[PDB]
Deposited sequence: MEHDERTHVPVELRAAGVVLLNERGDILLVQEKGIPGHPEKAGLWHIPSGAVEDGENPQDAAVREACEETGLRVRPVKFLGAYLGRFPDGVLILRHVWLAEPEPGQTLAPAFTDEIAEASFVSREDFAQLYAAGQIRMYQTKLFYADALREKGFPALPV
């Protein structure tokens, strides 16, 4: 910052993801694989930022790795901080993104990902109310993205 003294707060982990909207304002979400009979929760395409690599590039890379979609970062939306039980800090970065044209959703099925898909604003609202969105920040950023693009707001 400026001249008022402050100490450094080391952030060991950083993650980057995107709020990817299509032409209708639907959001691209990734689902966790399980949790016995409960479905895994949903989150935005996002993954770890390699130490030293640009978080913006990581967001783009991760989106493609998880959904098979090449995306273009449109605008930075925000970053927020979390702390694991052991004290490790993680800074999550989020960008508004748009998919490049002529692509087919093809999720990467792993022990961490069950699938990925576009969800409408209306159904997202239901998922959120149902407690199926892992990080509530997803709703906050989806709302921001909708406003930025000029789409109607969540129900």
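No alpha-carbon coordinates exist for the deposited sequence positions 36 to 38, 159, given here in order along the chain.
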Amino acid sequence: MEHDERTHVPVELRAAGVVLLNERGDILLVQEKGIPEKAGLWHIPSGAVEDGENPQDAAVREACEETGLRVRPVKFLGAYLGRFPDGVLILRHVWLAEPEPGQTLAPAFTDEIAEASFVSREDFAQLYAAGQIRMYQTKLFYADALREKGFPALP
From here on, numbers count along this sequence of modelled residues.
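When the other compared entries with both flanking residues are checked, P101 is modelled in all of them, not unmodelled in a third. Per the compared records, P36 is unresolved in at least a third of the other entries whose models span it.
Relative to its counterpart among 106 to 114 and 22 to 30, 106 to 114 has the higher mean temperature factor, C-alpha atoms as listed in the PDB entry. In this entry, 36 to 44 shows the higher mean Cα temperature factor of the pair 85 to 93 and 36 to 44. In this PDB entry, the Cα temperature factor of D123 sits in the bottom third of its chain's modelled residues, the lowest group. In the deposited entry, the Cα temperature factor of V74 sits in the top third of values across the chain's modelled residues.
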